[PDB]
Amino acid sequence: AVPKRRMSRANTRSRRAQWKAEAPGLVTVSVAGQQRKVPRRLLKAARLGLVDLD
Amino acid sequence: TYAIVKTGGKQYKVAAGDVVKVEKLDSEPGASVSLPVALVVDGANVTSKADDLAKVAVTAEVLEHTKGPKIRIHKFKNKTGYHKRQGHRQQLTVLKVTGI
Amino acid sequence: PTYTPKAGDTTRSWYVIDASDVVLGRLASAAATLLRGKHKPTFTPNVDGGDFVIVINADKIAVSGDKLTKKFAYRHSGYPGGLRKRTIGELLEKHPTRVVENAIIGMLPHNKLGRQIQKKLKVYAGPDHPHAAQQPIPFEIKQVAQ
Amino acid sequence: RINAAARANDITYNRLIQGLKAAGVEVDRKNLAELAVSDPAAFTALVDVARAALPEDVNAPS
Amino acid sequence: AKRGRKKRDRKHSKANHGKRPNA
RNA sequence: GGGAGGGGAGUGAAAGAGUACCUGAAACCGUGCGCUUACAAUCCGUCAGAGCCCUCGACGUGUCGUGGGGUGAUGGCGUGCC
RNA sequence: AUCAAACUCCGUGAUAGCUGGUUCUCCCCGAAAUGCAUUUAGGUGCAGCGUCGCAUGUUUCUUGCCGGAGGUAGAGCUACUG
RNA sequence: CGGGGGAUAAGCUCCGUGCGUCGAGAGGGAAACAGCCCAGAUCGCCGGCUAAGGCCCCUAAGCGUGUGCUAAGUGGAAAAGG
RNA sequence: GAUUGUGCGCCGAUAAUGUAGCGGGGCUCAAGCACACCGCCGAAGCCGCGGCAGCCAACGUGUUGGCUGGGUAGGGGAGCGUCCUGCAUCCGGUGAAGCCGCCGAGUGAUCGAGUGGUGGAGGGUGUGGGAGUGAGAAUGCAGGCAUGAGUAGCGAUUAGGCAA
RNA sequence: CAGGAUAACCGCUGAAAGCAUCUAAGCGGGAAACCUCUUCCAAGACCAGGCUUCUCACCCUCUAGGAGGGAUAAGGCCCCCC
Ligand SMILES: [Mg+2]
Ligand SMILES: [Mg+2]
Ligand SMILES: [Mg+2]
Ligand SMILES: [Mg+2]
Ligand SMILES: [Mg+2]
Ligand SMILES: [Mg+2]
Ligand SMILES: [Mg+2]
Ligand SMILES: [Mg+2]
Ligand SMILES: [Mg+2]
Ligand SMILES: [Mg+2]
Ligand SMILES: [Mg+2]
Ligand SMILES: [Mg+2]
Ligand SMILES: [Mg+2]
Ligand SMILES: [Mg+2]
Ligand SMILES: [Mg+2]
Ligand SMILES: [Mg+2]
Ligand SMILES: [Mg+2]
Ligand SMILES: [Mg+2]
Ligand SMILES: [Mg+2]
Ligand SMILES: [Mg+2]
Ligand SMILES: [Mg+2]
Ligand SMILES: [Mg+2]
Ligand SMILES: [Mg+2]
Ligand SMILES: [Mg+2]
Ligand SMILES: [Mg+2]
Ligand SMILES: [Mg+2]
Ligand SMILES: [Mg+2]
Ligand SMILES: [Mg+2]
Ligand SMILES: [Mg+2]
Ligand SMILES: [Mg+2]
Ligand SMILES: [Mg+2]
Ligand SMILES: [Mg+2]
Ligand SMILES: [Mg+2]
Ligand SMILES: [Mg+2]
Ligand SMILES: [Mg+2]
Ligand SMILES: [Mg+2]
Ligand SMILES: [Mg+2]
Ligand SMILES: [Mg+2]
Ligand SMILES: [Mg+2]
Ligand SMILES: [Mg+2]
Ligand SMILES: [Mg+2]
Ligand SMILES: [Mg+2]
Ligand SMILES: [Mg+2]
Ligand SMILES: [Mg+2]
Ligand SMILES: [Mg+2]
Ligand SMILES: [Mg+2]
Ligand SMILES: [Mg+2]
Ligand SMILES: [Mg+2]
Ligand SMILES: [Mg+2]
Ligand SMILES: [Mg+2]
Ligand SMILES: [Mg+2]
Ligand SMILES: [Mg+2]
Ligand SMILES: [Mg+2]
Ligand SMILES: [Mg+2]
Ligand SMILES: [Mg+2]
Ligand SMILES: [Mg+2]
Ligand SMILES: [Mg+2]
Ligand SMILES: [Mg+2]
Ligand SMILES: [Mg+2]
Ligand SMILES: [Mg+2]
Ligand SMILES: [Mg+2]
Ligand SMILES: [Mg+2]
Ligand SMILES: [Mg+2]
Ligand SMILES: [Mg+2]
Ligand SMILES: [Mg+2]
């Protein structure tokens, strides 16, 4: 089918707001003498140096 | 000590040394005008007899002439094509009571 | 201009009304008028000016006629064929206060002002009440001769 | 407001207005209301005046 | 039917003096 | 900084004139600031109407005044246009 | 890509008793859905009903009184037809 | 209101009425309801007096006064008959 | 005991979504019905005060007085705004034209030679003449932009994986 | 199953109305019909229920009226193997 009427601006914005993204957590890891932040999901990779860091 | 004054077919409660908005009455600014009386309250005594009320008098001083807020009028009916426009403003006078 | 109520000029009070051998209509009318505060000379429709009320001994309410079995209080849950009914006698037997609460609720405006107002009422069944620490003032229904 | 004040002062609004009319005092409902909210003593005095001015029997065929 | 009887009967209110549009 | 693109310093009256370059409105999308709303049945306005905030005077710490502005808790009324 | 008579330019702004739309303001006055006629009934001509002006201007309307003819309501039948 | 067509049916149709209203008419009254009752909007006023209808609360005004009826929620749906 | 006439009454009573045939709460300690009496609320009606307009009389070179002031189609009269022009004038790189505010003003279409920011090159008043001279709707047209929407799909019948 | 109050019906005591009558005062029996009794949901039931255990303490700022910000305990959450 099809919609009948143009919804209100307030309704549109209210429905739109919930659509977003969430930031992940960070952890401190020390490699080669300096501290840099990486997600906990990559702790072992960072420790063993298998992940490149810019 | 306060009394009641009749003016322009209506009444306003007023005490000594007060200012009220009253409908325009022919009088040169700066002069004094006498007004009738309606009721008098003094302490615990109340004067209500018509003869005493008539005998008592009110004196006040006219300050200036002022015009009220503007108001816009429209007439409208549905499915007629009738549209009417009309503006209007009212004239007011500001006075200060002197003694009663 | 006409007088209007300020932020903190309002004052409330505590009232108690007995319900021993009294007619429900009169009791409800008195309660409604007291809740609304029509008696107080500081009435203004937009802001409540009501006064607290206490009702005691609801079970002794007297009702005339055969209403004990010919008057029915209805309500419906919402699903199809869910309209079930109860009689005033059973209502008094089970929940003494429900009848008076419903009567007073119906005796008041149904807007949200009245919705907030109905908070002002407390109704009890026994002859006692734990609200004795606030010194309620006894009240009596009277007629002004004219 | 006037009805509430009169009922508090133990007299009906209709009889109060009848007494005012009989006494021939022409003050207006706004004045009575403002006075009642402001001067209960004055309101009581006016009510007493009206009651005194009331006729003997309100039920008489006159 | 029931619908018809109502409006004609409701016309007998003393407010309208008994005469109303559409019976 | 890969570029695209941008910041200083200069050109010039202006760079609110930077080849997408006069004057730059409305639909449209914004960031910051002030007020209000999570027990509510509204052709979404009006008449009343507390609180809060901004302001103009006189008087002092805030209180009135022939004072203005924005917000509006709450009551009455209310069946779009051709 | 369309056929109970293809497509393009012109006659050509083909023609409709038919459906649709026609915008800035105020002051004064203020209608009908009736009769007659019509290859006529959802069309249209005339009359009545409105407005502006010109001319005679109470000739308009209500009440009282007076002079007037009707054949209904009712009622009646050896007064006629049943 | 007085009539015809109709099954003495329709919110049906066709007539006549110095007849009312709506149509081209806001307010108040009957919950809502153009055609019913009162009442004809030049504009402003935080003034008085009233028609129709109302005066337990919703909702402004009398749980008015005096004399009588009601046992049926008749009040707040209708006939032959008992 | 019966027939007589009267005011109230009872039975006769039964359709489909949820009491639903007093508006609700509720009312026979009538707030139900009949007859008298006294009062009150109740509009844009009338009265009171004031502003404007039309017709008419009086006297006057506009004061007073008497009536009226709703309208669809329709008739008559009187007006605002925009452009180009004849004539006579004034403003302007010491800032002219539009745009966005504040403050005000006329009974209307609106006005401000009163003030603030942007801009840079022509404008206003008075009295005549001529208008392509005034938008909301015709399933109107040219250009730009809203929702469904960050939803469906990403166009087969084989299928990729690994080291560099 | 069992219990409570009922419709149709069956009754006991009884004047109005010396008798009689299940009635106008009262008292009783009487069904898959109604209320508890079976299973499940349920304190957003705004009267927002009830009984228990755990911590019940560290700062800064605006200006001391409250509020805001930072650091903690009880607990909870994120990520991980299922
Ligand atoms: Mg009929
Ligand atoms: Mg330069
Ligand atoms: Mg461009
Ligand atoms: Mg540009
Ligand atoms: Mg809230
Ligand atoms: Mg509602
Ligand atoms: Mg409304
Ligand atoms: Mg409504
Ligand atoms: Mg052919
Ligand atoms: Mg071809
Ligand atoms: Mg030709
Ligand atoms: Mg051609
Ligand atoms: Mg053609
Ligand atoms: Mg043609
Ligand atoms: Mg059409
Ligand atoms: Mg006319
Ligand atoms: Mg004809
Ligand atoms: Mg004559
Ligand atoms: Mg004759
Ligand atoms: Mg006959
Ligand atoms: Mg014969
Ligand atoms: Mg007839
Ligand atoms: Mg007939
Ligand atoms: Mg017809
Ligand atoms: Mg006809
Ligand atoms: Mg009319
Ligand atoms: Mg009307
Ligand atoms: Mg109405
Ligand atoms: Mg008028
Ligand atoms: Mg009156
Ligand atoms: Mg009357
Ligand atoms: Mg009242
Ligand atoms: Mg009564
Ligand atoms: Mg009697
Ligand atoms: Mg009935
Ligand atoms: Mg009958
Ligand atoms: Mg019979
Ligand atoms: Mg009889
Ligand atoms: Mg019955
Ligand atoms: Mg009712
Ligand atoms: Mg009038
Ligand atoms: Mg005139
Ligand atoms: Mg007019
Ligand atoms: Mg027209
Ligand atoms: Mg016209
Ligand atoms: Mg111009
Ligand atoms: Mg030009
Ligand atoms: Mg020059
Ligand atoms: Mg310049
Ligand atoms: Mg400049
Ligand atoms: Mg410039
Ligand atoms: Mg000229
Ligand atoms: Mg011209
Ligand atoms: Mg010409
Ligand atoms: Mg043109
Ligand atoms: Mg347009
Ligand atoms: Mg388009
Ligand atoms: Mg879309
Ligand atoms: Mg999808
Ligand atoms: Mg998909
Ligand atoms: Mg493909
Ligand atoms: Mg017996
Ligand atoms: Mg017996
Ligand atoms: Mg809770
Ligand atoms: Mg934890």
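No lab work stands behind these numbers, since they all come straight from the coordinates. Counting neighbours? That spans all protein chains shown, and the Cβs are built from the backbone with ideal geometry, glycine included.
With +1 on each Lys and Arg Cβ and -1 on each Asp and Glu Cβ, how big is the dipole of chain C about its Cα centre, in debye rounded to the nearest 20?
In debye, rounded to 20, chain C gives about 600.
Each 10 Å bin, from zero up to the one with the longest distance, holds this percent of the alpha carbon pairs of the protein assembly as shown: 3, 12, 14, 16, 17, 14, 10, 6, 4, 3, 1, 0. In the protein assembly as shown, taking the dipole from charged Cβ atoms about the Cα centre, the farthest positive-side position among E:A23, C:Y74, D:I11 is held by E:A23. Partners of C:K40 within straight-line reach, counting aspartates and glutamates whose Cα lies under 19 Å from its Cα and excluding those fewer than 8 residues away in the same chain: C:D9, C:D48, C:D51, C:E140, D:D10, D:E34, D:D39.
Angle check, please: helix C:96-106 long axis (alpha carbons) against the longest principal axis of chain C (alpha carbons), in degrees 0 to 90, nearest 10. Approximately 60 degrees, to the nearest 10.
For chain C, averaging the sequence separation of C-alpha pairs within contact (under 8 Å, six or more residues apart) and dividing by the residue count gives a relative contact order of 31 percent. Evaluating 6.51 cos²θ - 1.76 cosθ + 1.60 at θ = phi - 60° for every residue in the stretch B:81-88, the Karplus couplings come out as x, 8, 10, 10, 10, 6, x, 5 Hz, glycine and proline recorded as x. With springs only between Cα atoms under 10 Å, which of C:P41, C:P130, C:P80 fluctuates most in a Gaussian network model of chain C? Greatest mean-square fluctuation among the candidates belongs to C:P80.
Of the trypsin sites (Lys or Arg not before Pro) found in the stretch C:31-124, those that fall in a DSSP loop while having at most 14 other beta-carbon atoms within 10 Å are C:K71.
Less than 5 angstrom separates the built amide H of C:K122 from those of C:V53, C:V55, all sequence-distant by 5 or more or on a different chain.
Could you sort out which of B:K6/C:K142; C:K38/C:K112; C:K120/D:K30; C:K112/E:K2; B:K24/D:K30 sit more than 28 Å apart by Cα distance in this structure? The answer is B:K6/C:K142; C:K120/D:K30; C:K112/E:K2. What are the trypsin sites (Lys or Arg not before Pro) within chain A that DSSP puts in a loop, where the Cβ has at most 13 other Cβ atoms within 10 Å? In loop regions of chain A (DSSP not H, G, I, E or B), the sparsely surrounded trypsin sites (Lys or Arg not before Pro) are A:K4, A:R5, A:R6, A:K20. For the residues of D:17-24, the average number of beta carbons from a partner chain within 10 Å of their own beta carbon is 1. Applying both filters, DSSP loop and at most 12 other Cβ atoms within 10 Å, to the chymotrypsin sites (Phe, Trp or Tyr not before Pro) of the stretch B:1-99 gives B:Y82. Think of the protein assembly as shown as having a plus end and a minus end, set by charges on the Cβ of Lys, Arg, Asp and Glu; of D:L20, C:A32, B:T80, B:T80 sits farthest toward the positive end of this dipole. Using a ≥ b ≥ c from the Cα gyration tensor of the stretch C:55-146 (square roots of the eigenvalues), is it rounded, prolate or oblate, where a/c under 1.5 gives rounded and otherwise the larger of a/b and b/c decides, a/b for prolate? Taking the square roots of the gyration eigenvalues as a ≥ b ≥ c, the stretch C:55-146 is prolate. By the Stokes-Einstein formula, at 0.890 mPa s and 25 °C, the stretch C:1-75 with its Kirkwood radius over alpha-carbon pairs has D equal to 164 µm²/s. Against the empirical 2.2 N^0.38 Å (N residues), chain D has a Cα radius of gyration ratio of 1.09. Inter-chain Cβ neighbour count for D:46-53, averaged per residue, equals 1 (cutoff 10 Å, partner chain atoms only).
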